[PDB]
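A.B. asks: Mind having a look at this structure? Questions to follow.
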Amino acid sequence: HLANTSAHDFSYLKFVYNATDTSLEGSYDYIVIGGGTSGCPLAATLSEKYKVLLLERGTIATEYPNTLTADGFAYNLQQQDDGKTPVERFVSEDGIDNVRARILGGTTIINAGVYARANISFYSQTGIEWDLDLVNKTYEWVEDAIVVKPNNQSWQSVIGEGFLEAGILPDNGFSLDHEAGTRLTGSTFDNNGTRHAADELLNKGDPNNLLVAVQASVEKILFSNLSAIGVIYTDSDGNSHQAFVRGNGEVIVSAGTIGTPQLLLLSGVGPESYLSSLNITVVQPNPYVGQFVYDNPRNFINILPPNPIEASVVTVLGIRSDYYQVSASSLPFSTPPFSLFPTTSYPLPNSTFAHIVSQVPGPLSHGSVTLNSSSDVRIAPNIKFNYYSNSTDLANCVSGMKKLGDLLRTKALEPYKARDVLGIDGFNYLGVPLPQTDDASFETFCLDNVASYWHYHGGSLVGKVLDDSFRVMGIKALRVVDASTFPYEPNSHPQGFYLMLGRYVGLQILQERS
Ligand SMILES: Cc1cc2nc3c(=O)[nH]c(=O)nc-3n(C[C@H](O)[C@H](O)[C@H](O)COP(=O)(O)OP(=O)(O)OC[C@H]3O[C@@H](n4cnc5c(N)ncnc54)[C@H](O)[C@@H]3O)c2cc1C
Ligand SMILES: *[C@@H]1O[C@H](CO)[C@@H](O)[C@H](O)[C@H]1NC(C)=O
Ligand SMILES: *[C@@H]1O[C@H](CO)[C@@H](O)[C@H](O)[C@H]1NC(C)=O
Ligand SMILES: *[C@@H]1O[C@H](CO)[C@@H](O)[C@H](O)[C@H]1NC(C)=O
Ligand SMILES: *[C@@H]1O[C@H](CO)[C@@H](O)[C@H](O)[C@H]1NC(C)=O
Ligand SMILES: *[C@@H]1O[C@H](CO)[C@@H](O)[C@H](O)[C@H]1NC(C)=O
Ligand SMILES: *[C@@H]1O[C@H](CO)[C@@H](O)[C@H](O)[C@H]1NC(C)=O
Ligand SMILES: O=Cc1ccc2c(c1)COCO2
């Protein structure tokens, strides 16, 4: 039911082409925009029966070898964004540094590798009529390709012992399920540290039916009884290209929380007063495109143990309904990995350190995506998350930070203290330590020291922009499948859900059509 350790499988490169190739232009059964977490498994699934074009703005992961190992994770965030790199840097209007992927495989090529299935209650909360047996079969299809049971890592075992001592019960052992308590979960990093990612799911596609264009920047959805008929995309030289769908085929947007609402607005799908104010012709009025955009808060402390600890990838989770906690151990660095700390002016560690983290669930706070340019998709849109605008989110951070307090007080973490004193002032901290234990100091700490968890979602919600089949309401032959679709996180680590969702919706399209 799980993958083995093995090299990153690039066999699919036999059907990957440069978008400069004009022989890609023409008619397909399906066009999928964004070769990411959802887009890759979706395109692979549709290609079992139909001719599919997958368009990805980034290049291939072979160009950036530091994307293919666990110990390259920080390198990709440290690297300057020259417009070509797998990591695109942005800053939310809240002032918090963030990143998104620009690469075939999408955010699975740059992420922290943690694999989990959705909270099994999530499906019924959505009110979508899911095929739940098919959901589970689709999880196994992903897991069998790219997920391993992780090997023991000393720092992760310390943290898991600490979560258990701090009252994060029960002990769930090794499990992929989002459940209360402490567990070892799966990883898309194998036991040799090789990264596995959504691009490898292209290997499950039919190589006679699937074509992938890289460095393909999709600029516009073309429309006809309003129907999507195609896309315009530009290549890395700046020349324009067109592709179309035929007969009962469909265009699917899988361009992510940021890319999907951006392309919909650029194509005239969006709020009538907003688009009219930019002189963008309205093709389909919908007041919710780019609305309900969410970023779960990351709050953290950093400890500097007096003896070196061994670097680890996150595999051990401490889950409560109101906070989701993990820790990674890291080598020091002299270039900050962009967005690990919320600004570039954060003190850098001189020794090995443990990043100890809590994630707010939901979140309930939301903002929006708006266009920066009314014409050029390569210009990043504006994004604002309104961190802690909702007081329930602030209340949940307070609970998380008190639990990190309990964690630092465990026998498990005592050996990582610099001074054998009774209190948590015995640790050496990088940045702001935890507080005083009245609510007000914990609130200040939460508000002042917030970072992105990187699990941002929304902007094209089911119930707002889409129906229960992921169709853009009012438009034939157009769907959206990616993290733009749900307002609340399906779990602590949603890559597993969006990998599954790509294939699941592909199977629903194939069934609808049969
Ligand atoms: C640094 C980081 C670490 C993370 N760690 C974890 C973790 O360990 N585990 C976990 O579960 N989750 C993690 N996440 C979250 C998870 O990886 C993402 O939520 C998920 O991958 C999003 O999938 P998506 O398909 O919505 O977007 P993406 O995977 O980003 O796919 C969208 C794709 O569309 C492309 N694109 C965008 N616009 C266009 C356009 N106009 N034309 C063509 N292509 C376009 C992009 O280049 C990209 O490849 C992490 C996120 C980040 C940023
Ligand atoms: C596509 O071709 C152009 C030259 O026309 C080149 O500059 C670019 O690097 C190529 N991209 C890829 C992904 O091969
Ligand atoms: C799906 O798998 C989960 C564990 O991830 C299990 O709890 C659940 O019962 C399964 N549901 C169905 C419909 O098989
Ligand atoms: C939209 O175009 C009208 C002219 O038709 C102009 O008066 C107005 O300033 C334009 N607005 C923008 C933002 O371009
Ligand atoms: C799972 O989701 C359900 C319903 O939304 C919620 O009651 C529960 O708290 C969640 N479980 C965990 C451990 O997050
Ligand atoms: C576009 O982005 C710039 C620089 O990030 C920002 O400050 C400016 O206000 C934005 N312009 C529009 C039209 O949104
Ligand atoms: C927070 O979200 C809740 C539930 O979704 C919403 O009803 C409420 O208006 C928000 N609260 C605040 C403090 O804005
Ligand atoms: O950049 C290196 C690094 C160090 C610690 C860490 C993470 C990344 C992700 O989050 C959790 O902890």
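Every chain in the structure tokens takes a letter, A first, then B, and so on in the order presented; its residues are numbered from 1, and the ligands are numbered from 1 following the presented order.
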With only C-alpha atoms and all ligand atoms counted and 10 Å as the cut-off, give the residues of chain A in contact with ligand 6, each with its shortest interatomic distance in Å and the pair that gives it, as a Markdown table.
C.D. replies:
| residue | atom | partner | partner_atom_place_in_ligand_line | distance |
| --- | --- | --- | --- | --- |
| A:90 | CA | ligand 6 | 5 (O) | 8.7 |
| A:91 | CA | ligand 6 | 5 (O) | 8.2 |
| A:92 | CA | ligand 6 | 5 (O) | 9.3 |
| A:93 | CA | ligand 6 | 7 (O) | 8.8 |
| A:278 | CA | ligand 6 | 13 (C) | 9.5 |
| A:370 | CA | ligand 6 | 14 (O) | 7.1 |
| A:371 | CA | ligand 6 | 14 (O) | 6.0 |
| A:372 | CA | ligand 6 | 14 (O) | 3.8 |
| A:373 | CA | ligand 6 | 13 (C) | 6.2 |
| A:374 | CA | ligand 6 | 13 (C) | 8.2 |
| A:379 | CA | ligand 6 | 1 (C) | 8.3 |
| A:380 | CA | ligand 6 | 2 (O) | 7.8 |
| A:381 | CA | ligand 6 | 1 (C) | 7.3 |
| A:382 | CA | ligand 6 | 14 (O) | 6.2 |
| A:383 | CA | ligand 6 | 14 (O) | 9.6 |
A.B. asks: For region 29-141 of chain A against region 314-332 of chain A, with a cut-off of 12 Å and counting only C-alpha atoms, what is the closest atom pair and its distance in Å to one decimal for every residue that makes the cut, ordered by chain and number, as CSV?
C.D. replies:
residue,atom,partner,partner_atom,distance
A:70,CA,A:314,CA,10.4
A:71,CA,A:330,CA,9.5
A:72,CA,A:330,CA,11.7
A:73,CA,A:330,CA,10.6
A:74,CA,A:330,CA,9.2
A:75,CA,A:331,CA,11.8
A:111,CA,A:314,CA,11.0
A:112,CA,A:314,CA,7.2
A:113,CA,A:314,CA,7.7
A:114,CA,A:315,CA,6.4
A:115,CA,A:315,CA,8.4
A:116,CA,A:317,CA,10.1
A:119,CA,A:321,CA,10.3
A:121,CA,A:321,CA,11.8
A.B. asks: Can you tell me, as a list in words, what residues are no more than 9 Å from residue 291 (chain A) when counting only C-alpha atoms, ignoring any on the same chain fewer than 6 positions away?
C.D. replies: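 Contacts, with the query itself left out: residues 261, 366, 367, 368, 369, 370, 458, 459, 460, 461 and 464 of chain A.
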A.B. asks: For residue 485 (chain A), which residue out of A:394, A:3, A:263, A:293 is the nearest one, using only C-alpha atoms?
C.D. replies: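 When distances to residue 485 (chain A) are compared using only C-alpha atoms, the smallest one comes from A:293.
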A.B. asks: Please extract the residues at most 6 Å from ligand 1, counting only C-alpha atoms and all ligand atoms, and provide them as a short mmCIF file (atom, residue, chain, number, x, y, z; two decimals) with C-alpha atoms, in the first residue's frame, using the chain letters and residue numbers of this document.
C.D. replies:
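Contents of result16.cif, as written:
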data_model
loop_
_atom_site.label_atom_id
_atom_site.label_comp_id
_atom_site.auth_asym_id
_atom_site.auth_seq_id
_atom_site.Cartn_x
_atom_site.Cartn_y
_atom_site.Cartn_z
CA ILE A 33 -3.83 24.49 -16.48
CA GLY A 34 -1.11 23.99 -13.85
CA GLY A 35 1.04 20.86 -13.55
CA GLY A 36 0.83 20.82 -9.78
CA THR A 37 -0.42 18.79 -6.81
CA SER A 38 -3.94 18.38 -8.23
CA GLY A 39 -3.13 19.08 -11.92
CA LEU A 55 0.26 23.40 -19.40
CA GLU A 56 2.79 24.33 -16.64
CA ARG A 57 4.42 27.81 -16.34
CA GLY A 58 7.54 26.38 -14.67
CA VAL A 99 6.30 31.24 -1.38
CA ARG A 100 4.50 29.24 -4.06
CA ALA A 101 5.87 26.70 -6.59
CA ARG A 102 6.80 27.48 -10.24
CA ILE A 103 7.78 23.97 -11.48
CA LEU A 104 6.28 20.79 -13.03
CA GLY A 105 4.94 18.92 -9.93
CA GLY A 106 3.98 22.22 -8.28
CA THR A 107 4.25 22.66 -4.53
CA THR A 108 4.97 18.87 -4.01
CA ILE A 110 9.36 22.27 -2.86
CA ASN A 111 7.30 21.24 0.22
CA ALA A 112 8.23 19.65 3.63
CA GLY A 113 7.04 16.17 2.49
CA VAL A 114 4.48 15.48 5.27
CA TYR A 115 1.73 13.10 4.03
CA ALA A 216 3.71 27.57 -20.73
CA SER A 217 2.20 30.69 -19.01
CA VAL A 218 -1.57 30.44 -19.47
CA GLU A 219 -2.79 34.05 -19.86
CA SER A 254 -5.38 23.64 -11.37
CA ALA A 255 -3.20 26.79 -11.04
CA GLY A 256 -3.44 26.89 -7.19
CA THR A 257 -4.94 29.21 -4.59
CA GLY A 259 -3.00 31.20 -9.92
CA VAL A 377 -0.33 36.63 -15.79
CA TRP A 454 2.26 27.57 3.62
CA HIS A 455 -1.13 25.72 3.54
CA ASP A 482 -6.70 22.49 -6.60
CA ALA A 483 -6.40 24.15 -3.09
CA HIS A 493 -0.92 18.68 5.90
CA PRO A 494 -3.24 18.90 2.88
CA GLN A 495 -0.95 17.70 -0.03
CA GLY A 496 -2.43 14.16 0.41
#
A.B. asks: Mind checking DSSP for region 300-431 of chain A and telling me the alpha helix (DSSP H) residues as a ChimeraX atom specification?
C.D. replies: /A:391-408
A.B. asks: Let me make sure I understand: among A:340, A:408, A:422, A:201, which one has the smallest atom-to-atom distance to ligand 8 if we use only C-alpha atoms and all ligand atoms?
C.D. replies: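 Closest to ligand 8 of all the choices is A:340.
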A.B. asks: Give as a PyMOL selection string the residues surrounding ligand 2 up to a distance of 12 Å, considering only C-alpha atoms and all ligand atoms.
C.D. replies: chain A and resi 13+16-22+55-64+84-85+102-104+212-217+234-239
A.B. asks: Wanna dump the chain A-ligand 5 contacts at 12 Å for me, each residue with its shortest atom pair and the distance in Å to one decimal, counting only C-alpha atoms and all ligand atoms, ordered by chain and number, as JSON lines?
C.D. replies:
{"residue": "A:117", "atom": "CA", "partner": "ligand 5", "partner_atom_place_in_ligand_line": "1 (C)", "distance": 11.4}
{"residue": "A:118", "atom": "CA", "partner": "ligand 5", "partner_atom_place_in_ligand_line": "1 (C)", "distance": 8.5}
{"residue": "A:119", "atom": "CA", "partner": "ligand 5", "partner_atom_place_in_ligand_line": "1 (C)", "distance": 4.9}
{"residue": "A:120", "atom": "CA", "partner": "ligand 5", "partner_atom_place_in_ligand_line": "1 (C)", "distance": 6.8}
{"residue": "A:121", "atom": "CA", "partner": "ligand 5", "partner_atom_place_in_ligand_line": "2 (O)", "distance": 4.9}
{"residue": "A:122", "atom": "CA", "partner": "ligand 5", "partner_atom_place_in_ligand_line": "2 (O)", "distance": 5.6}
{"residue": "A:123", "atom": "CA", "partner": "ligand 5", "partner_atom_place_in_ligand_line": "5 (O)", "distance": 8.9}
{"residue": "A:124", "atom": "CA", "partner": "ligand 5", "partner_atom_place_in_ligand_line": "4 (C)", "distance": 8.2}
{"residue": "A:125", "atom": "CA", "partner": "ligand 5", "partner_atom_place_in_ligand_line": "5 (O)", "distance": 6.0}
{"residue": "A:126", "atom": "CA", "partner": "ligand 5", "partner_atom_place_in_ligand_line": "5 (O)", "distance": 9.0}
{"residue": "A:127", "atom": "CA", "partner": "ligand 5", "partner_atom_place_in_ligand_line": "5 (O)", "distance": 11.6}
{"residue": "A:168", "atom": "CA", "partner": "ligand 5", "partner_atom_place_in_ligand_line": "13 (C)", "distance": 10.9}
{"residue": "A:169", "atom": "CA", "partner": "ligand 5", "partner_atom_place_in_ligand_line": "13 (C)", "distance": 10.9}
{"residue": "A:170", "atom": "CA", "partner": "ligand 5", "partner_atom_place_in_ligand_line": "13 (C)", "distance": 11.3}
{"residue": "A:172", "atom": "CA", "partner": "ligand 5", "partner_atom_place_in_ligand_line": "13 (C)", "distance": 11.9}
{"residue": "A:177", "atom": "CA", "partner": "ligand 5", "partner_atom_place_in_ligand_line": "13 (C)", "distance": 9.4}
{"residue": "A:178", "atom": "CA", "partner": "ligand 5", "partner_atom_place_in_ligand_line": "13 (C)", "distance": 6.1}
{"residue": "A:179", "atom": "CA", "partner": "ligand 5", "partner_atom_place_in_ligand_line": "13 (C)", "distance": 4.4}
{"residue": "A:180", "atom": "CA", "partner": "ligand 5", "partner_atom_place_in_ligand_line": "13 (C)", "distance": 4.1}
{"residue": "A:181", "atom": "CA", "partner": "ligand 5", "partner_atom_place_in_ligand_line": "13 (C)", "distance": 7.7}
{"residue": "A:182", "atom": "CA", "partner": "ligand 5", "partner_atom_place_in_ligand_line": "13 (C)", "distance": 10.5}
{"residue": "A:183", "atom": "CA", "partner": "ligand 5", "partner_atom_place_in_ligand_line": "13 (C)", "distance": 11.8}
{"residue": "A:317", "atom": "CA", "partner": "ligand 5", "partner_atom_place_in_ligand_line": "13 (C)", "distance": 11.1}
{"residue": "A:318", "atom": "CA", "partner": "ligand 5", "partner_atom_place_in_ligand_line": "13 (C)", "distance": 9.6}
{"residue": "A:319", "atom": "CA", "partner": "ligand 5", "partner_atom_place_in_ligand_line": "13 (C)", "distance": 5.9}
{"residue": "A:320", "atom": "CA", "partner": "ligand 5", "partner_atom_place_in_ligand_line": "13 (C)", "distance": 5.1}
{"residue": "A:321", "atom": "CA", "partner": "ligand 5", "partner_atom_place_in_ligand_line": "14 (O)", "distance": 3.8}
{"residue": "A:322", "atom": "CA", "partner": "ligand 5", "partner_atom_place_in_ligand_line": "14 (O)", "distance": 7.0}
{"residue": "A:323", "atom": "CA", "partner": "ligand 5", "partner_atom_place_in_ligand_line": "14 (O)", "distance": 7.9}
{"residue": "A:324", "atom": "CA", "partner": "ligand 5", "partner_atom_place_in_ligand_line": "14 (O)", "distance": 8.0}
{"residue": "A:325", "atom": "CA", "partner": "ligand 5", "partner_atom_place_in_ligand_line": "14 (O)", "distance": 11.6}
{"residue": "A:359", "atom": "CA", "partner": "ligand 5", "partner_atom_place_in_ligand_line": "14 (O)", "distance": 11.3}
{"residue": "A:360", "atom": "CA", "partner": "ligand 5", "partner_atom_place_in_ligand_line": "14 (O)", "distance": 10.6}
{"residue": "A:361", "atom": "CA", "partner": "ligand 5", "partner_atom_place_in_ligand_line": "14 (O)", "distance": 7.7}
{"residue": "A:362", "atom": "CA", "partner": "ligand 5", "partner_atom_place_in_ligand_line": "5 (O)", "distance": 9.5}
{"residue": "A:487", "atom": "CA", "partner": "ligand 5", "partner_atom_place_in_ligand_line": "5 (O)", "distance": 12.0}
{"residue": "A:488", "atom": "CA", "partner": "ligand 5", "partner_atom_place_in_ligand_line": "5 (O)", "distance": 9.0}
{"residue": "A:489", "atom": "CA", "partner": "ligand 5", "partner_atom_place_in_ligand_line": "2 (O)", "distance": 9.5}
{"residue": "A:490", "atom": "CA", "partner": "ligand 5", "partner_atom_place_in_ligand_line": "2 (O)", "distance": 7.9}
{"residue": "A:491", "atom": "CA", "partner": "ligand 5", "partner_atom_place_in_ligand_line": "14 (O)", "distance": 6.7}
{"residue": "A:492", "atom": "CA", "partner": "ligand 5", "partner_atom_place_in_ligand_line": "14 (O)", "distance": 8.0}
{"residue": "A:493", "atom": "CA", "partner": "ligand 5", "partner_atom_place_in_ligand_line": "14 (O)", "distance": 11.4}
A.B. asks: Fewer than 5 positions away in the same chain doesn't count, so skip those; otherwise give me all residues within 9 Å of residue 140 (chain A), counting only C-alpha atoms, as a PyMOL selection string.
C.D. replies: chain A and resi 1-2+135+145+500
A.B. asks: Using only C-alpha atoms and all ligand atoms, which residues have at least one atom no more than 9 Å from ligand 7? Output them as a ChimeraX atom specification.
C.D. replies: /A:363-365,388-393
A.B. asks: So which bits of region 309-370 of chain A end up strand (DSSP E or B) when you DSSP the backbone, as a PyMOL selection string?
C.D. replies: chain A and resi 316-320+323-330+338+341+353-359+367-370
A.B. asks: Output the neighbourhood of ligand 4 as a list in words, that is, all protein and nucleic acid residues with some atom at most 12 Å from the ligand, counting only C-alpha atoms and all ligand atoms.
C.D. replies: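 Selection of residues at most 12 Å from ligand 4: residues 273, 274, 275, 276, 277, 278, 279, 280, 281, 373, 374 and 375 of chain A.
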A.B. asks: Mind dumping the selected residues with N, CA and C atoms as a tab-separated table (two decimals), in the first residue's frame?
C.D. replies:
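Output saved as result_21.tsv:
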chain	number	residue	atom	x	y	z
A	273	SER	N	-18.56	44.56	-10.66
A	273	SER	CA	-18.13	45.95	-10.37
A	273	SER	C	-16.59	46.02	-10.39
A	274	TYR	N	-15.91	45.02	-9.85
A	274	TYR	CA	-14.42	44.95	-9.79
A	274	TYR	C	-13.88	44.88	-11.22
A	275	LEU	N	-14.32	43.89	-12.01
A	275	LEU	CA	-13.83	43.74	-13.40
A	275	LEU	C	-14.16	44.97	-14.25
A	276	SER	N	-15.38	45.51	-14.13
A	276	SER	CA	-15.80	46.70	-14.90
A	276	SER	C	-14.89	47.89	-14.57
A	277	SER	N	-14.51	48.03	-13.30
A	277	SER	CA	-13.62	49.11	-12.81
A	277	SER	C	-12.23	48.95	-13.43
A	278	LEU	N	-11.81	47.74	-13.83
A	278	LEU	CA	-10.51	47.52	-14.52
A	278	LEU	C	-10.67	47.53	-16.05
A	279	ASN	N	-11.87	47.69	-16.56
A	279	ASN	CA	-12.22	47.64	-18.01
A	279	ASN	C	-11.93	46.25	-18.56
A	280	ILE	N	-12.07	45.23	-17.72
A	280	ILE	CA	-12.03	43.82	-18.18
A	280	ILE	C	-13.47	43.44	-18.53
A	281	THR	N	-13.71	43.03	-19.77
A	281	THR	CA	-15.05	42.60	-20.20
A	281	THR	C	-15.47	41.41	-19.35
A	373	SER	N	-1.79	43.40	-12.28
A	373	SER	CA	-1.88	43.74	-13.72
A	373	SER	C	-3.19	43.19	-14.27
A	374	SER	N	-3.93	43.98	-15.06
A	374	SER	CA	-5.18	43.53	-15.74
A	374	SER	C	-4.89	42.75	-17.00
A	375	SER	N	-3.62	42.56	-17.38
A	375	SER	CA	-3.30	41.88	-18.66
A	375	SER	C	-2.19	40.82	-18.54
A.B. asks: Residues of chain A that approach ligand 3 to 6 Å or less, counting only C-alpha atoms and all ligand atoms: could you list each one with the shortest pair of atoms and its distance in Å to one decimal, rows by chain and increasing residue number, as JSON lines?
C.D. replies:
{"residue": "A:132", "atom": "CA", "partner": "ligand 3", "partner_atom_place_in_ligand_line": "13 (C)", "distance": 4.5}
{"residue": "A:133", "atom": "CA", "partner": "ligand 3", "partner_atom_place_in_ligand_line": "13 (C)", "distance": 4.5}
{"residue": "A:136", "atom": "CA", "partner": "ligand 3", "partner_atom_place_in_ligand_line": "1 (C)", "distance": 4.9}
{"residue": "A:177", "atom": "CA", "partner": "ligand 3", "partner_atom_place_in_ligand_line": "5 (O)", "distance": 5.4}
